[PDB]
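Here's the structure we're looking at; comments come further down.
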Amino acid sequence: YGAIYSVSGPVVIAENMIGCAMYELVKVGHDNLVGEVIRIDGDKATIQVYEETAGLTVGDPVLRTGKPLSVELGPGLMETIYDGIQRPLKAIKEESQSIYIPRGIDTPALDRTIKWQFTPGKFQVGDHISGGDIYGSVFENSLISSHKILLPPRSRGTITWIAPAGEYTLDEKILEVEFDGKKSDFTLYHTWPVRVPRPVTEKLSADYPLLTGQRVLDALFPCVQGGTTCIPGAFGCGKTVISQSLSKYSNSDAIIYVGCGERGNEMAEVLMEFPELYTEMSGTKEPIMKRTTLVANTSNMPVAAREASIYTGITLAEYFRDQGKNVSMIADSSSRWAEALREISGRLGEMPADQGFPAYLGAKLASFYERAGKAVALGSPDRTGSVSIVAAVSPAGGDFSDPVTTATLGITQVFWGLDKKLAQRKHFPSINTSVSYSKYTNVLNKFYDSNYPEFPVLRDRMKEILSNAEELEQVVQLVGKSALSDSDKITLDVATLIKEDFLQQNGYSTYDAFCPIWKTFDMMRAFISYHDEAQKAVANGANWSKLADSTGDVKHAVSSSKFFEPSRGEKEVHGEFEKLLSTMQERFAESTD
Amino acid sequence: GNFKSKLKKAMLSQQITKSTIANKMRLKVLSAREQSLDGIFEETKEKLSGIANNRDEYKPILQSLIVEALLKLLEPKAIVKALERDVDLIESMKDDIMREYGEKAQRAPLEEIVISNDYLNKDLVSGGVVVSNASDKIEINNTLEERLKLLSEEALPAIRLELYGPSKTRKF
Amino acid sequence: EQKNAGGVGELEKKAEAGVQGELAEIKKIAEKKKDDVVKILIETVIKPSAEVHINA
Amino acid sequence: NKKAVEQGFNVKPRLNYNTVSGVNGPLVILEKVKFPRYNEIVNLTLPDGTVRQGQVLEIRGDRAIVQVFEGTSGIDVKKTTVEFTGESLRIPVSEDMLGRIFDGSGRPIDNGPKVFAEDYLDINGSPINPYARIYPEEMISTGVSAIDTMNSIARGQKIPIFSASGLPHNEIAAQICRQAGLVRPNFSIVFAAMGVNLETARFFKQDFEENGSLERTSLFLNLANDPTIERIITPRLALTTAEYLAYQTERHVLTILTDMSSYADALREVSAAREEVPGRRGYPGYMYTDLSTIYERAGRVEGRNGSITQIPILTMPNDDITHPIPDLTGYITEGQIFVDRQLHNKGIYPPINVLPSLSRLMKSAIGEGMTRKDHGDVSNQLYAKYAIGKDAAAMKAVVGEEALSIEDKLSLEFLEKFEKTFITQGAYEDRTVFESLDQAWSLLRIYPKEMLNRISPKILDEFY
Amino acid sequence: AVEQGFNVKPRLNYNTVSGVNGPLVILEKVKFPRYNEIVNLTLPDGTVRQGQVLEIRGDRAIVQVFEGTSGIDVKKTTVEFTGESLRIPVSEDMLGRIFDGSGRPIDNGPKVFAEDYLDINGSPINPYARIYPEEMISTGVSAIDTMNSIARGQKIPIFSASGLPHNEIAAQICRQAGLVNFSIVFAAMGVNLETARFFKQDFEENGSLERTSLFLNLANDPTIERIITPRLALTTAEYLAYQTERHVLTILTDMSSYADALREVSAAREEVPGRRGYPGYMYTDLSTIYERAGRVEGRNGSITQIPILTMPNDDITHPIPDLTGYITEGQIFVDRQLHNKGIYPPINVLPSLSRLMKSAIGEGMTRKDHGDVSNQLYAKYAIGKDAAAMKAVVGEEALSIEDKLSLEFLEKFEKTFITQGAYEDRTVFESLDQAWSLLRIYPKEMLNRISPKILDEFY
Ligand SMILES: Nc1ncnc2c1ncn2[C@@H]1O[C@H](COP(=O)(O)OP(=O)(O)O)[C@@H](O)[C@H]1O
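Those protein sequence lines, which keep their order, are chains A, G, H, B and F. Be aware that the first sequence starts at 24, since it is given in the entry's author numbering, and climbs by one per residue. Be aware that the second sequence starts at 60, since it is given in the entry's author numbering, and climbs by one per residue. Be aware that the third sequence starts at 58, since it is given in the entry's author numbering, and climbs by one per residue. With the entry's author numbering as the guide, the letters of the fourth sequence map in order to residues 12 to 196, 207 to 485. With the entry's author numbering as the guide, the letters of the fifth sequence map in order to residues 15 to 194, 207 to 485.
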């Protein structure tokens, strides 16, 4: 045990500490505040503390734990909210009987008292069991049922005693591996260093789309299950709402929401809203909250804990991928992680990179975003999980030229750049279609050919319409609409209709909270057909000025197609869209006759 | 066009599997050289293990191995870690080792040489010593096993030129 | 694609057959030069040099 | 019963250090300190007798870097006695604060007695447990239509007022402070004037008395002439008093933190003294967390009927949203009420520009029984038509009114009768949310039902 | 004949680690520390991480650790001073393999059976011994082979912003980089696994994996061995090209990530920083990397260097692209605006330049009209951009007849000449014919930059 020697915000240079390793976990202070070592200079080892350092006194003992920052994985992870360090907020509140996070609470990461229905896997006594093999499944909840208990990735050997089926607490031994004569006892939970990525057999190309349920996203800039995503944009653009509408209705099996430097009321909103929504997956109306775990490190909670929250979230997502679940980790305000790194570097005195950030920010972000990606799990049986990272980079001042935004665009394959100007007009989700891109469009051809064959053709056609009308509107804003031709006027009107009735998706509304892939494809077909048939009609000789008044009914029916509630069923909404297309064709035929 | 594209994809698949079939066989040749080379070092390790058995022939080698590492340390006092089977030899060789270090390094003779009781693992080390500084913070893994490991690391081109002729491609 | 898949095993067997000569040549070279290389390595490992650092 | 107070019914001696080993800027570096405590309020005793407080900032072994709130002007090495209180800064809080006027540091300046403390609370506060937080769904009938119907204010909302140098942020913030009331059932108020000029201080201290709020408002007035660093602890003191009131005596507090740009400037002028990482525009890198520590002390908590609303008035320099203060305030807070220089020049009061204004607690507290069912759709439709009108006004200023289409002309008419008959409002004229929605519908009835592309068909049928 | 030494040099193990911070490990009492030495830090867990001595004092040695300093204990880490700079074991059998960032293999193959231990830093080539490369390679890309032509031995990077298809362009160049049998060495530098797998897949599909050696340093790999990866790849390339008389096409992707690694290492040394925080000597470091191209007087071999580069914010003024332009011979500029407009390859030939086109252009090398056609295309494209700006600012009607022709040429040039599908391999002659079909839009009077003796013969 060393002693504190200097405290300056969230850095505690602790003297008499010969023997501490880099990124080792220490218990700084009498309250046993959790801290990690980041720099060593002889005896004095500079510690960043994941807790309020106020009140620390020189000479306060600091204990070297002997193990890097480790997150406990196993049953009980789901349907709980955690702090930056792996601490349950519910357990902390009930232990402290207060509404504040006390300094130095050491509640167990996973509820030990709750007993789980363990049912042993295919492995029998004597069979060689390698890292990551599944030796049993616990019934976590009605939705994440069969929470398959993996062996620790570094563990290997032959089974000596596997527990029979029954009810077990986490502290209860479940399996004992004999390896080279040294028996090791394994339980339902295993710790894991957050910095070290969980091993996988082999990563795979992510060929299945993460259906966000939002028309603009999954119709113009798709994200695949296992693809890094970035959502830059100023305050109020809608990064948090896109993240929440993704974690509420995506096709991901399990979700690890990470509020790294977010607002407290946002996490409270998630806590009260997720139990009130039900996912149609698993053949029942099970609540969303049974599949989401939350890592809430709000903005005012300790600066250093933001990095711990990000790494804990990604490690939970990696564990649930190794189980075989299509996880979708969501790092809310990933720029707050960069700001935490900048603050800690400023405390350390390290030389800055561009704009105050440390020189290693790009490397840390790259190593974090490389954790994502579909990959075959480590051991038998064959499992194909996936982690999709959707992190909301928050630029300083709204300009995408921020170092965190550039270092995130260099690594992420998707870029859902938000526009503050579109955000102000309540044009939501305010996706800036000019700069946003998705590098997974080529990969998703193998899925769009199997389902919805015309989807890519419609996507490029609508991107063409939007780009052409954006350029035309840019010209018109300085040269007037006098010189526009009839075809150009149709392009302008059609793209305005697209922006105001298809791209815009009013979340927190009954009809357009979740526009799934089939309704999105049908609406997309309706809009594209309207544009194509209007252009054909004007080419046939019909004047656009008269055609607008003649087909206002068709235009309003198209714009009102977004009001078709998806809950009516795929067959019903598809039928309504077929009827709308027939009515549109008949109306244009009558007008052009 | 989709059928033509699929045929092109299948054709490129044939090239992909044709290379990986040849690459796997090509790496079978490379693994054969390393495995046989490992046999050379496997045979060498056993032969050096027999050197320590012949205490008469191994006697002055040990005095050289201690001195060859003492001259690198240049510390006035040193700690010599040796096997359980060589402490007796070193207890008699120390007097000459002190003078030999004094002469070769052209400095004052060693102040004190101490055979530490932390004997080397007899199963992994066949001979030699691990000479350390006075405080045991700076040391030299001058054992026969480590010596052969260093030779294996730093001599591979010479073993290649011995086992095989120089590569016909390598000119200039 | 099925026709190409069927030929993979035949291609693998043909590749394995051609390599087997190289493995035989490697084994012969190893057996021929094993004594010489072992002698050189042993003579190098034993009989150490003893020279202080050139800058000392 | 209350045995917690008895545990602190003890005496603890304090060490007086005449060991000042130097001083540079606002930082006093001590030496020979006996086990320095990081962030411990320290009472310096100047040679002239003046007593200046200060809190430790860095405790390199047997040395403490004490920053003094009132400035180091006059600190001598061989005469100042630096006395360690051994505990972080604490304000003596009680239910008797309500109705008193405090200085920047909490020392009363109303010629009244010292606060008969019910408890001492660390001014830094503690992060409220996000599991204990409650999402504020109780909307406040603010009275100003531009806020009640668009960018709505919930109870635990922390919605700042963004305004330029000369805009009437104080007048609007006083109107919100005097008319705020729950729509479907008063607010205790806590004030924190940071760097305001005496005119603004007297305006608030007189408006509260005029409306009778002063019987339940505690003012923390840190004017321009007050020490610059005291503005760092003034908002923490105000929010600690408000946290006590709300979360312990179960009151509804409406915290107002005037001139938050002055607090940000105090942060910059302190960080630049410590040569810290310069973030952007010179503000320290950690200013996000420094402002978050302030703003996040708001919102309702589980099991307690209290609630802290925040309206931190902000003075944007050069009326730029991209400036670090308004940018980070927008990221941290849950809305903003953008007071517009262009609107103020046009003569509209309140000069609220709804387009940059936002409220993240308006997706809740709208619809069903909280307000009329048309609120959520009508606000969005008003935003859409206001933006269309602004774009068409720009197009008109460029090319001429002849090229404006029928929709553009309708947008111009809507924008005119919107800015001049819906945003505009008397200073003492409060409009219920239902009346504001009725006026909004009267504006919307300019368009035919077809052009209202945002209102749901059911809402159109029932209300248009 | 060949000469080699069976020599065993015992290595000093130092447990005297003083302190560790960032990527640097500071030792305390090394005996005669050697600069640019390679050390093996034995962690308390037993794992061994290589290092490299960056600076020495009387007894100190500021070791940078390639595999990161996580888990290094000041009381149980033992540093083993090897006694020589970083030497890669090369062989003619190294072709067709895959290696990690630090030179260790990734594929299931064994350790490379050494043929020579080459110092990775290399040795300076005598400028008197360098042959000026005047043998153009027909890269197949129209915008490169026609207007920014590459000569065999030229170090020409691909300046592409974040998210642009520079990987696709470089894979295309590798696939169809014949002359008007290239061995390839690849140095992945923090590229994501998607990009690395795409490069590996392309090299396998085009049959190149039989004659290519990849040095993959993924984004998951440690961020300091990005300083050894270019040197390892380039010393392999130098070995093959010079001492095997082979032709090598080196692809050093993400030199921006290499410079980020240099910044991370330099900022931990508290060195005086250059622009944007990059080290002052970063010009010299990037020069030591890039300047290892070119043919040699004796050995029939060439390292045609194509270091892909990620200019942040799509800016040339940024230090990495600026110094890469200073060192390398021109650049291939990939344009975000063109990519958004949908062109592939999105090469913007206005910032693009090839310093050896002036010699490998034509007049008996490729075609008589090559140089004049390229100059005419570049001039008319600049005129087209100017005309587009003028039309956007002051209306299209105000544009002159020449400006309108320039706009039509710009459209038909971006949409039909630069625009080419991947796996399309138009020869330089086909590229010149398409260029002429573009230039015939203009009348013969408005083609002033074309020499009349070629205009009258090709119009
Ligand atoms: N898709 C959407 N549908 C409806 N409202 C939205 C949508 N996206 C954002 N919002 C609005 O934006 C506000 C929240 O924005 P948020 O995502 O928190 O931005 P930021 O993360 O920059 O603060 C909410 O008040 C909500 O009404």
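All residues carry an ideal CB built from backbone N, CA and C; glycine is no exception.
query                                                                                                                                                                            : result
Here's the rule I'm using: 16 or more other beta-carbon atoms within 10 Å means buried, otherwise exposed. How should B/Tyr404 be labelled?                                      : buried
With the cut-off set at 8 angstroms, would you say A/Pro255 and A/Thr456 are in Cβ contact?                                                                                      : no
Between the segment 433-460 of chain F and chain A, which residues of the former have CB atoms less than 9 angstroms from a CB of the latter, in chain order?                    : none
What's the gap between the Cα of B/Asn232 and the Cα of B/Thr262?                                                                                                                : 22 angstroms
Please state the DSSP three-state secondary structure of F/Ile151.                                                                                                               : strand
Candidates B/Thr221, B/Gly154, B/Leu266, B/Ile134: which alpha carbon is nearest B/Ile254's?                                                                                     : B/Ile134
Out of A/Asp355, A/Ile513, A/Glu593, state which residue places its alpha-carbon closest to the alpha-carbon of A/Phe544.                                                        : A/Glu593
At a CB-CB cut-off below 8 angstroms, which residues of chain H make contact with G/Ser123?                                                                                      : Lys104, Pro105, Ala107
Anything in chain F within Cβ reach of H/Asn112, meaning under 8 angstroms, just list it in chain order.                                                                         : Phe46
Per DSSP, A/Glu201 forms a beta bridge with which residues?                                                                                                                      : A/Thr181, A/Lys206
Between the alpha carbons of F/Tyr49 and B/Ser313, how many angstroms are there, rounded?                                                                                        : 48 angstroms
What in chain G is Cβ-close to F/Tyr268, meaning under 7 angstroms?                                                                                                              : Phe231
On the CB-based measure, 16 or more other CB atoms within 10 Å of its CB, does G/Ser151 come out buried or exposed?                                                              : exposed
State the beta-bridge partners of A/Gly107 as determined by DSSP.                                                                                                                : In DSSP, A/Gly107 forms no bridge with anything.
Does the CB of B/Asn401 have a neighbour CB from chain A at under 8 angstroms?                                                                                                   : yes
Does the beta-carbon of G/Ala69 have 16 or more other beta-carbons within 10 angstroms, so that it is buried, or is it exposed?                                                  : exposed
Which residues in chain F have a C-beta closer than 7 angstroms to the C-beta of H/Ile97? List them in chain order.                                                              : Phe20
Taking all protein chains shown into account, do 16 or more other C-beta atoms lie within 10 angstroms of the C-beta of B/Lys406, making it buried, or fewer, making it exposed? : buried
List, in chain order, every chain G residue whose beta-carbon is nearer than 9 angstroms to that of F/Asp121.                                                                    : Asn82, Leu86
Using the Cβ count rule (16 or more neighbours within 10 Å means buried), how would you classify B/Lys226?                                                                       : buried
Going along the chain, which residues of its own chain have a beta-carbon closer than 8 angstroms to the beta-carbon of G/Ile218, five neighbours each way excluded?             : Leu96, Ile99
Would you mind reading off the limits of the beta strand (DSSP E) that contains A/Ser160?                                                                                        : 157-161
What first and last residue would you give for the beta strand (DSSP E) that runs through B/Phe241?                                                                              : 238-244
Kindly indicate the opening and closing residues of the alpha helix (DSSP H) around A/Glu493.                                                                                    : 478-502
Between which two residues does the alpha helix (DSSP H) harbouring B/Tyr352 extend?                                                                                             : 345-353
What separation, rounded to the nearest whole angstrom, lies between the Cα atoms of B/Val298 and A/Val72?                                                                       : 19 angstroms
Along the alpha helix (DSSP H) that carries B/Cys188, what are the first and last residues, could you check?                                                                     : 180-190
Taking 8 angstroms as the CB-CB limit, is F/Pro372 close to chain G?                                                                                                             : no
Please determine whether the Cβ atom of A/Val264 lies at a distance below 7 angstroms from any heavy atom of ligand 1.                                                           : yes
Taking the continuous beta strand (DSSP E) assigned at A/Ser29, which residues delimit it?                                                                                       : 25-30
Listed in chain order, which residues of the segment 122-147 of chain G have Cβ atoms closer than 8 angstroms to some Cβ of chain F?                                             : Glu127, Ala128, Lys131, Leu132, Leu133
Can you give me the C-alpha to C-alpha distance between F/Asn21 and F/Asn181, rounded to a whole angstrom?                                                                       : 45 angstroms
I'd like to confirm something about A/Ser268: is its beta-carbon nearer than 7 angstroms to some heavy atom of ligand 1, or not?                                                 : yes
On the CB-based measure, 16 or more other CB atoms within 10 Å of its CB, does F/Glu355 come out buried or exposed?                                                              : buried
With 8 angstroms set as the bound, which would you pick, yes or no: does the beta-carbon of A/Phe586 sit closer than that to a beta-carbon of chain B?                           : yes
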